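Take a look at this single chain in structure tokens; it is the form deposited in one PDB entry.
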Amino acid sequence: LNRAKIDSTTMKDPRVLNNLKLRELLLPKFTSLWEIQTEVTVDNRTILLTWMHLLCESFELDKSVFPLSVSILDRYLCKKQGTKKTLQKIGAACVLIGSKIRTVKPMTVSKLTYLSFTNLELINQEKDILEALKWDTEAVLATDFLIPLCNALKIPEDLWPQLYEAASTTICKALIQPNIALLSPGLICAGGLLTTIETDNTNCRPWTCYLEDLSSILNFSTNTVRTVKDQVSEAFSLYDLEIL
């Protein structure tokens, strides 16, 4: 019931942003998404992530379960092999691990099963994922950047509830699309925020005025920011339950 409020130590400290960028440099350099795969393709990914998304949205999980469960999925599928006839089991066990880490009331096995294999088969899949990644499950999520970016662009605290709310929804849907997987979490986030600030400016400065700055905060070029704004926005458009 209780939700996390503003914590200056974790949100206003200039060096939290610094560490997020640093720990970002840890996860792998994705040149080609799912390249190690023989069967399943990127088209398969989009359907499965659409379902994984629905599942989090419908069971009302914390905004950060889905990004993490996507991260786990990709990482996992750089190491072991997936088959089309088992892809759902994999993605099911990613949300299981994810919800178990980034949310207060985890998803249960007796809930992903009935809503999708037996439970032992889910449990073994949780056990196989974990041990393949050597239990290194956490990661910098696009979604962890939202507030540190807001604070650094010196947006008044008063707006963080609504902005947070809209931008995480926007980020979480974009992450369904294939071309988003390769971007650095901080960029995905930057883009999510710009998109939001634009549609419903709402007692807030015009997107333009934040580009130059994000460029300096993140340390990318103004052009590569403007492109990621447009990429996230387009990815968000592409969302479609019809595809399942």
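Shifts are known only where both forms have a C-alpha. Rigid core (definition): largest C-alpha set, two forms, superposition within 1.5 Å. Don't overthink the numbering: it's just position in the shown sequence, from 1.
Quick note: we don't show the form deposited in another entry, though the next part is all about it.
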* Can a Cα shift of no less than 2 Å be assigned to residue 23 between the shown form and the other one, given superposition on the rigid core? -> no
* Asked: Are residue 65 and residue 12 closer or farther apart at the Cα level in that other deposited form than shown, by 3 Å or more?
  -> closer
* To do: Indicate closer or farther: the Cα atoms of residue 174 and residue 10, in that other deposited form, relative to the displayed form, with a change of 3 Å or more.
  => farther
* To do: Superpose on the core, then tell me which runs of at least 3 consecutive residues have all their CA atoms shifted by 2 Å or more between the shown form and the other one.
  => 2-14
